[PDB]
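What follows is a set of notes on a single structure, which appears directly below.
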Ligand SMILES: *[C@@H]1O[C@H](CO)[C@@H](O[C@@H]2O[C@H](CO)[C@@H](O[C@@H]3O[C@H](CO[C@H]4O[C@H](CO)[C@@H](O)[C@H](O)[C@@H]4O)[C@@H](O)[C@H](O[C@H]4O[C@H](CO)[C@@H](O)[C@H](O)[C@@H]4O)[C@@H]3O)[C@H](O)[C@H]2NC(C)=O)[C@H](O)[C@H]1NC(C)=O
Ligand SMILES: *[C@@H]1O[C@H](CO)[C@@H](O[C@@H]2O[C@H](CO)[C@@H](O)[C@H](O)[C@H]2NC(C)=O)[C@H](O)[C@H]1NC(C)=O
Ligand SMILES: *[C@@H]1O[C@H](CO)[C@@H](O)[C@H](O)[C@H]1NC(C)=O
Ligand SMILES: *[C@@H]1O[C@H](CO)[C@@H](O)[C@H](O)[C@H]1NC(C)=O
Ligand SMILES: *[C@@H]1O[C@H](CO)[C@@H](O)[C@H](O)[C@H]1NC(C)=O
Ligand SMILES: *[C@@H]1O[C@H](CO)[C@@H](O)[C@H](O)[C@H]1NC(C)=O
Ligand SMILES: *[C@@H]1O[C@H](CO)[C@@H](O)[C@H](O)[C@H]1NC(C)=O
Ligand SMILES: *[C@@H]1O[C@H](CO)[C@@H](O)[C@H](O)[C@H]1NC(C)=O
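Protein chains in written order, with the deposited numbering: chain I, 512 to 546, 571 to 664; chain B, 512 to 546, 571 to 664; chain C, 31 to 59, 66 to 136, 152 to 309, 312 to 321, 321A, 322 to 354, 356 to 395, 414 to 464, 464A, 465 to 506; chain A, 300 to 309, 312 to 321, 321A, 322 to 351.
The following block contains the structure:
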């Protein structure tokens, strides 16, 4: 016998479950987050800038339109030597982000400086010839 | 013996070198450009509008996500009768933009009115049949 | 292991503590807090539990109390901006005792026809609003004469507290600690996310917290540190204590001319005997409340410790209990509640008042015509420690006190925490992007 | 000049500061400028003005 909730994750609750299980509701969480007068006016502009900031990076990385996209940057096991299953079936999003917090800027840089650079250079060369 | 700089173009310097060489750092230049309270608040909104304006055109033209995209609009040699190499290996971005400054609105119009129009019409027809 | 590659995810449910501005919301309808601009409330708000995740709450760091502090003061000043200055009413007063002395019957002679229609307009004044002139009769004048220009509050502004809600802006969320035993801080286990808070009325008072929330089936006593005499003790009551306040005097009021196109309201005659303001408090409910409080105090401060002596400490507005029943500010002697260590309160009324502290410009209440009646209940209170003493569990004189008005909102805000949600993140995967 | 100052009452809740007495002889304000540095500066200026 199994008791069930209604439809899907309410809000953020999956943050403490494994990243594997949590991935199920990225569509939910993303939609919810993505979407006196002067103070609110300021807040609105800030919300837009935060919104567009993320969209800029997703655009550049070739990830726009996706909530899950594979890159072409290899994982340097110096960051973490855990296997695929040792991470995804054993660690939460809150825990994972902390584990590699100090590599965020490194990897983000690598995506753009190496892969994006390559994809744009080679793209033109392929279109030319 | 060769002396080298650190990594890549600082900012705009390539503007006076050939467009060929300058193309190498479009990823750099684009990223840098793309990204008391009330005056700044106004400026922020304006920055957003400029940001989105460019994104609108890149979206419509089928160029979103690219810093280099090929169109399907033929070059009318009336605008300039220089060959590929006579432009790209011999002229800077500042010089080039001036050469064809008076054709900007013409070509932009042609991209949308002819190609975009075709791609949307034919797309639906292909999906239908 | 597997060859791993970087994968980008978006919608990652992770967050970090952050401070920002919460939007007001209100059950939409010149009342100070009844701003014309405020978001209508959600008739069906949601709340979801996290359960896999706990969170560190600390009621002493909730910066939302600062937002309320400043915004509330701004609203006060704005509504009462186009109000009447008392500057030409600083004229000295020839006062006698009003026959029945806290109220004087005085005359003056100003403006004496400065392009207007004015006269001596004798009137009644309260002792607490005037300063004696010991070089005269003794005669009196406005206590504000040697300080600042103050205004009579606009008759068209109501001062009834409004239960304003506050909701999270985009990209942020409000977390709530639902642990019944939660005190000042800790890793609250039962943590939920709340779209928008309930309404908190901006009740302003000294020594006792009125018309607030109740404790979770027992008296709960909180502090930053029960050993530190520099801190205060916040007591949240299991059940409230009934208080009924009245101003038996049926007062009239008169508009006087103070200049061309300018009027001022003065206290007029009083109908019937002039009696004292007072509040009636149920000794049963009060004493039983204290019993529960003492039991909890024993947990920290000893099993035979003598507590709750008379009121003392601070200036008259701190030593007296303060509230604003009917728009008039009452300052009552709470000693009658604490006149017996381990009920009718005498009370006086003041009109020149300071919203928590005021510099320069200040508010003078208009006279209220008729009688004042209201009913409320004590839902919490603030205790202060008297200072150094013999370590032995003999005394700890938890006097009423507390003049930092910010605690009247912090006492409710302790339930909530605001965080910023970061949807962008990465993790390794099995394969390379199929790049051409 | 070593000057004092006095606050005076100009209205209810209103004050104004006035110059008070002066301690010591009342002398002129002045500035001391190095003639060496000034003249040498002018020399260079004149040379350029000649152009
Ligand atoms: C803790 O919470 C309680 C409950 O909210 C507060 O007590 C009440 O305070 C309100 C303040 O307005 C009192 O309301 C006033 O009642 C007067 C007479 O009451 C009778 O008539 C009304 C008519 O609607 C009935 O609803 C009511 O039940 C009684 O039958 C009215 O005449 C008042 O309106 C007049 O004054 C206002 C002043 O702003 C004007 O704007 C109006 O236009 C009108 O002229 C007003 O409605 C209410 O009576 C109080 N309750 C009791 C039992 O007395 C406590 O004050 C609060 N404590 C703290 C610390 O905030
Ligand atoms: C009630 O308050 C006490 C005292 O602050 C809390 O106990 C402390 O909690 C902090 C939280 O970071 C810990 O660092 C301390 O080590 C705790 N002290 C002891 C001796 O346990 C207690 O957690 C609070 N109760 C609740 C339910 O929040
Ligand atoms: C990984 O699994 C083991 C199984 O015992 C567990 O002890 C450990 O805590 C897990 N790691 C994480 C991140 O929880
Ligand atoms: C093209 O190359 C010739 C080579 O002599 C040069 O003179 C000319 O200036 C070049 N054009 C531009 C745009 O510099
Ligand atoms: C007040 O009135 C009495 C009336 O006899 C008068 O004697 C007294 O001087 C007055 N005081 C002032 C302040 O003028
Ligand atoms: C709190 O109040 C309820 C009201 O019914 C009472 O039953 C309970 O005993 C009280 N708690 C304590 C600690 O006495
Ligand atoms: C306290 O007073 C309010 C006034 O409306 C009332 O609704 C509430 O029930 C009272 N609380 C108790 C414990 O009686
Ligand atoms: C005050 O007294 C007057 C006397 O005529 C009466 O008309 C009025 O109703 C009284 N007001 C109150 C609130 O009792």
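Cβ atoms here follow ideal geometry from the backbone N, Cα and C, with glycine treated the same way.
- For the options 98/C, 502/C, 239/C, the alpha carbon positioned closest to that of residue 50/C is the one of 98/C.
- Here residue 522/B is exposed: its Cβ has fewer than 16 other Cβ atoms, across all protein chains shown, within 10 Å.
- The distance from the Cβ of residue 627/B to that of residue 529/B is about 6 Å, consistent with a contact at the 8 Å cut-off.
- The beta carbon of residue 112/C sits closer than 7 Å to the beta carbons of 68, 426 from its chain, once the five residues preceding and following it are set aside; these are given in chain order.
- As a beta-bridge residue in DSSP terms, residue 312/C pairs with 315/C.
- For residue 307/A, the shortest C-beta to heavy atom distance toward ligand 8 is 7 Å or greater.
- Judged by DSSP in its simplified three-state form, residue 206/C adopts coil rather than helix or strand.
- With a threshold of 8 Å between beta carbons, residue 314/A makes contact with chain C.
- Proximity of chain I to residue 546/B at the Cβ level (cut-off 8 Å) is accounted for by 588, 591, in chain order.
- With respect to the C-alpha of residue 419/C, the residue from 373/C, 389/C, 101/C having the closest C-alpha is 373/C.
- For residue 342/C, the enclosing alpha helix (DSSP H) has its first and last residue at 335-353.
- Sequence-distant partners of residue 335/C (beyond 5 residues in either direction) whose C-beta falls short of 7 Å from its own C-beta, in its chain, are 414.
- Relative to the Cα of residue 164/C, the nearest Cα in the group 266/C, 313/C, 243/C belongs to 313/C.
- For the beta strand (DSSP E) assignment, the uninterrupted runs of no fewer than 3 residues enclosed by the segment 204-252 of chain C are, from N- to C-terminal side, 216-218, 223-228, 236-239, 242-245.
- Under the 8 Å criterion on CB atoms, residue 199/C is classed as interfacial with respect to chain A.
- In this structure, the beta-carbon distance from residue 434/C to residue 198/C does not fall below 8 Å.
- For residue 490/C, the enclosing beta strand (DSSP E) stretches over residues 486-499.
- Contact of residue 123/C with chain A by beta-carbon distance below 9 Å involves 312, 313, 314.
- With the rule of 3 Cβ pairs closer than 8 Å, the segment 642-661 of chain B does not count as touching the segment 175-183 of chain C.
- Chain-ordered, the residues whose CB falls short of 6 Å from any heavy atom of ligand 6 come out as 268/C, 269/C, 289/C, 290/C, 344/C.
- For residue 227/C, there are no C-beta contacts with chain I under 8 Å, since the nearest C-beta of that chain is about 12 Å from it.
- In the DSSP secondary-structure assignment, residue 441/C is bridged to 302/C.
- Residue selection by CB proximity (closer than 7 Å to any heavy atom of ligand 8) returns 301/C, 323/C, 441/C, 442/C in chain order.
- Of all residues in the segment 517-538 of chain I, only 520, 521, 522, 523, 524, 525, 526, 527, 528, 530, 533, 534, 536, 537, 538 come within less than 9 Å of chain C when Cβ atoms are compared, listed by chain position.
- Excluding its 5 nearest sequence neighbours in each direction, residue 519/I has C-beta neighbours in its own chain below 7 Å: 536, 539, listed in chain order.
- Sorted by position in the chain, 625/I, 626/I, 630/I make up the residues whose C-beta lies under 6 Å from a heavy atom of ligand 3.
- Closest by C-alpha distance to residue 292/C, out of 253/C, 382/C, 341/C, 54/C, is 341/C.
- In terms of side-chain proximity, the C-beta atom of residue 260/C is found no nearer than 7 Å to any non-hydrogen atom of ligand 7.
- The beta carbon of residue 308/C is closer than 7 Å to those of 167, 168, 169, 316 in its chain, skipping five residues each way along the sequence.
- Taking a Cβ-Cβ cut-off of 7 Å, residue 514/I has no neighbours in chain C, whose nearest Cβ is about 15 Å from it.
- Within chain I, the residues whose beta carbon sits less than 7 Å from that of residue 53/C are 575, listed in sequence order.
- Residue 165/C carries a coil assignment under DSSP once its states are collapsed to helix, strand and coil.
- Note: residue 177/C is bridge-paired with 154/C in the DSSP secondary-structure output.
- Counting only beta-carbon distances shorter than 7 Å to the non-hydrogen atoms of ligand 5, the qualifying residues in chain order are 128/C, 130/C, 187/C, 188/C, 190/C.
- Listed along chain B, the residues sitting closer than 8 Å to residue 658/I by beta-carbon distance are 601, 603.
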